[PDB]
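Residue numbers start from 1 in every chain, and the chains themselves are labelled A, B, ... in the order their sequence lines are given, proteins ahead of strands. What's counted below: heavy atoms across the whole structure, side chains too, no hydrogens, waters or symmetry copies.
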There are 2 protein chains.
Amino acid sequence: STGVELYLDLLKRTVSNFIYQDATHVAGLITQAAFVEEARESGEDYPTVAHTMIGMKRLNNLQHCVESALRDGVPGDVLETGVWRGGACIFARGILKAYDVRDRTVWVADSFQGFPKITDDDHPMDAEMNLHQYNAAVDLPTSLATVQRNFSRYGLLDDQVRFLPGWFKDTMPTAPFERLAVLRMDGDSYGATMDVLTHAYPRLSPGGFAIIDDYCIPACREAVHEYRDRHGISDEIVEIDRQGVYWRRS
Amino acid sequence: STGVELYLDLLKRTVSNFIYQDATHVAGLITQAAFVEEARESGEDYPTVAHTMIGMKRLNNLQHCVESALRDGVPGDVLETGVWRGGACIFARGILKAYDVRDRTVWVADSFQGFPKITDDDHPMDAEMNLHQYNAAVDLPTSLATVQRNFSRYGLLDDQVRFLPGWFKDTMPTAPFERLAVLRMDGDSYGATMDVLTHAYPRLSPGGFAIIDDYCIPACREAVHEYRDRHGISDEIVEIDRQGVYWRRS
Ligand SMILES: CC[C@H]1OC(=O)/C=C/[C@H](C)[C@@H](O[C@@H]2O[C@H](C)C[C@H](N(C)C)[C@H]2O)[C@@H](C)C[C@@H](C)C(=O)/C=C/C=C/[C@@H]1CO[C@@H]1O[C@H](C)[C@@H](O)[C@@H](O)[C@H]1O
Ligand SMILES: CC[C@H]1OC(=O)/C=C/[C@H](C)[C@@H](O[C@@H]2O[C@H](C)C[C@H](N(C)C)[C@H]2O)[C@@H](C)C[C@@H](C)C(=O)/C=C/C=C/[C@@H]1CO[C@@H]1O[C@H](C)[C@@H](O)[C@@H](O)[C@H]1O
Ligand SMILES: Nc1ncnc2c1ncn2[C@@H]1O[C@H](CSCC[C@H](N)C(=O)O)[C@@H](O)[C@H]1O
Ligand SMILES: Nc1ncnc2c1ncn2[C@@H]1O[C@H](CSCC[C@H](N)C(=O)O)[C@@H](O)[C@H]1O
Ligand SMILES: [Mg+2]
Ligand SMILES: [Mg+2]
């Protein structure tokens with residue numbers, strides 16, 4: 001109903017392409033290419049064209065996290081670790097824009113090359129899963145230049161969008177943000193989750209939100225529990241849909 | 001900037017599909033399928049997937065006309081005659097939604113079958129052009145149910161959108177609107193333009209806008225001048241882009 005609500009509603013439907021309803025890649029448990037409403041609603045398919053694969057329920061979750069941070073005066077930026085085509089970060093920048101927020105940044109972190117090749121240093125669950133095998137099949141490698149172009153299409157490429165290109169184990173320890181209000185983790189593997197919890201989570205403000213996109217994946221979940229056990233973190237884990245969870249840092 | 005401005009901006013870029021940049025059908029003077037930014041900007045291509053073909057300059061014109069009418073208190077509804085997939089009507093409905101206007105309607109008038117088969121009742125310029133020949137090539141015939149579906153994808157199918165299915169010569173004389181603030185004519189032919197000027201233009205409020213999408217088409221232009229000459233209409237014809245013009249009713 002308000003201009004703000006209308007904009008953010010359309011922005012979600014647009015970055016997930018409920019508007020034009022692109023086919024999905026046939027991969028994983030998806031056995032047909034046709035668009036299925038319930039799969040895009042829950043972020044369960046692999047869009048051929050859409051700018052995000054997280055789906056409406058996880059987009060609604062990101063909106064709730066950012067809005068709650070803003071309402072409650074939780075200081076800091078938004079970081080997403082694993083962005084693909086950039087749709088969820090585009091949406092994040094859009095939320096700031098809708099509220100005319102000029103003092104927070106959206107940090108966009110990725111290899112911009114898809115999943116890394118497995119080495120002997122990987123966690124054995126990451127090695128067995130070998131996410132790198134799927135890069136082309138779902139068009140995962142998405143260059144920095146492409147992501148930036150995608151932001152421009154929505155008129156949201158500006159100096160409150162900053163990019164952190166590279167492997168998370170390399171980029172996160174010295175990433176130049178001071179404080180985060182929302183940390184959205186979407187790198188799927190034990191390694192990526194643990195890199196980001198280790199190196200970015202300490203900068204998450206009290207009251208801020210930690211979102212684990214891929215908690216359904218056993219390697220991801222293992223890292224979340226190892227990390228929480230190590231640091232004494234007991235904040236409730238709340239489910240979003242069939243894949244994602246989040247907690248709010250107390 | 002404001003929520004409203006951001007919504008209407010995004011809605012334009014969405015119905016014209018500047019977001020995902022679909023190919024064009026190859027037809028008329030368009031010889032290549034690739035998306036070309038300047039052609040989508042000026043509404044000169046035949047989108048394979050986008051909901052309107054009128055392009056950003058003619059979307060912007062529609063916005064200007066509807067907002068001036070609202071601002072100046074010109075009474076009445078919005079009618080578009082020739083709606084194809086419905087994008088320009090979806091956009092009009094979205095303008096009213098953005099300003100929380102609850103007392104005006106968007107009327108959506110089309111054969112829902114593309115251009116009419118030519119008979120010996122048609123104006124000789126319409127018969128020579130034979131627009132009907134291009135129906136399949138630019139995917140023109142678009143059913144009422146498809147247009148309703150498209151509105152629903154934006155959240156804009158409600159009781160302030162009303163449909164007028166049929167040939168304009170049949171639907172216009174008794175169409176149930178009482179007054180119009182904007183009359184957008186997009187039927188291309190002498191016949192479709194003369195049908196709508198004859199039977200709907202008298203209901204256009206003073207201060208209201210008459211938009212001729214296809215003024216570059218000689219048959220359309222002939223109808224426009226015959227009608228203005230007959231009724232003594234001398235209101236300045238203002239050019240929008242390389243196709244459309246409008247005037248404001250004195
Ligand atoms: C297509 C790429 C995809 O791969 C699949 O979905 C693979 C599904 C396998 C076929 C499953 O195996 C089956 O289930 C049982 C084991 C009995 C089955 N049985 C026949 C033995 C066995 O066949 C998995 C359950 C295996 C486990 C290890 C797992 O969870 C692996 C996850 C893989 C995730 C990537 C999607 O990338 C990310 O997904 C995130 C969730 C998204 O948010 C998003 O970030 C996205 O980019
Ligand atoms: C594909 C559909 C299209 O067809 C064409 O573009 C055909 C172009 C012909 C090929 C041109 O002729 C050629 O020029 C040279 C002299 C070399 C050729 N030579 C063989 C002599 C000669 O043949 C035209 C100039 C002929 C004249 C009669 C004309 O204007 C016809 C109009 C046709 C309009 C429809 C566009 O649909 C509507 O357009 C609106 C503008 C939009 O707003 C929108 O509503 C849309 O739905
Ligand atoms: N260790 C690592 N370092 C940096 N990027 C990683 C990584 N492991 C996976 N990625 C990136 O993680 C992303 C997973 S898919 C992320 C989906 C995205 N959030 C969306 O809205 O659709 C891919 O873009 C991939 O390149
Ligand atoms: N005499 C007539 N009666 C009713 N509909 C007509 C007609 N002549 C043409 N049409 C319709 O006119 C439309 C021309 S294309 C309209 C483009 C649309 N305004 C957009 O935003 O993209 C087609 O949908 C066609 O079916
Ligand atoms: Mg994920
Ligand atoms: Mg036209």
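- For a residue to count as touching a neighbouring chain, one of its non-hydrogen atoms must lie under 4.5 Å from one of that chain's; by this rule B:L8 does not touch chain A.
- For A:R153 and B:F18, the positive end is not near the middle of the six-membered ring at less than 6.0 Å and at most 45° from its axis.
- Checked by atom type and distance alone, the side chain of B:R249 never pairs as donor or acceptor with a backbone atom of B:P206 at under 3.5 Å.
- Here the CG atom belonging to B:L70 is positioned 8.0 Å from the CD1 atom belonging to B:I95, to the nearest 0.5 angstrom.
- With chain A as the partner, the residue from B:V15, B:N17, B:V4 showing the most heavy-atom pairs under 4.5 Å is B:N17.
- Interface with chain B: from residues 35-68 of chain A, residues A:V49, A:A50, A:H51 qualify, criterion being any non-hydrogen pair under 4.5 Å.
- The candidate from B:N150, B:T2, B:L11, B:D9 with the greatest count of non-hydrogen atom pairs under 4.5 Å with chain A is B:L11.
- Here the closest heavy-atom approach between residue B:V147 and residue B:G86 is recorded as CG1-CA, 4.2 Å.
- No donor-acceptor pair closer than 3.5 Å links the side chain of A:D77 to the backbone N or O of A:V106.
- Under the 3.5 Å distance criterion, the side-chain polar atoms of A:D241 are matched with a main-chain donor or acceptor of A:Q243.
- In terms of modelled atom types and a separation under 3.5 Å, the side chain of B:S205 and the main chain of B:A181 share no donor-acceptor contact.
- Ion pairing between a basic and an acidic side chain is recognised when a charged N comes within 4.0 Å of a carboxylate O; B:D213 and B:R184 show such pairing.
- Formation of a donor-acceptor pair under 3.5 Å by the A:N135 side chain with backbone atoms of A:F115 is found in this model.
- A donor-acceptor contact shorter than 3.5 Å links the side chain of B:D110 to the backbone of B:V83.
- When the heavy atoms of residues 154-167 of chain A are compared with those of chain B, the residues falling under 4.5 Å are A:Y154, A:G155, listed by number.
- Counting only distance, with no hydrogens or angles, the side chain of A:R203 and the backbone of A:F177 share a donor-acceptor pair below 3.5 Å.
- With a 4.5 Å cut-off on non-hydrogen atoms, B:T14 touches chain A through its backbone and its side chain both.
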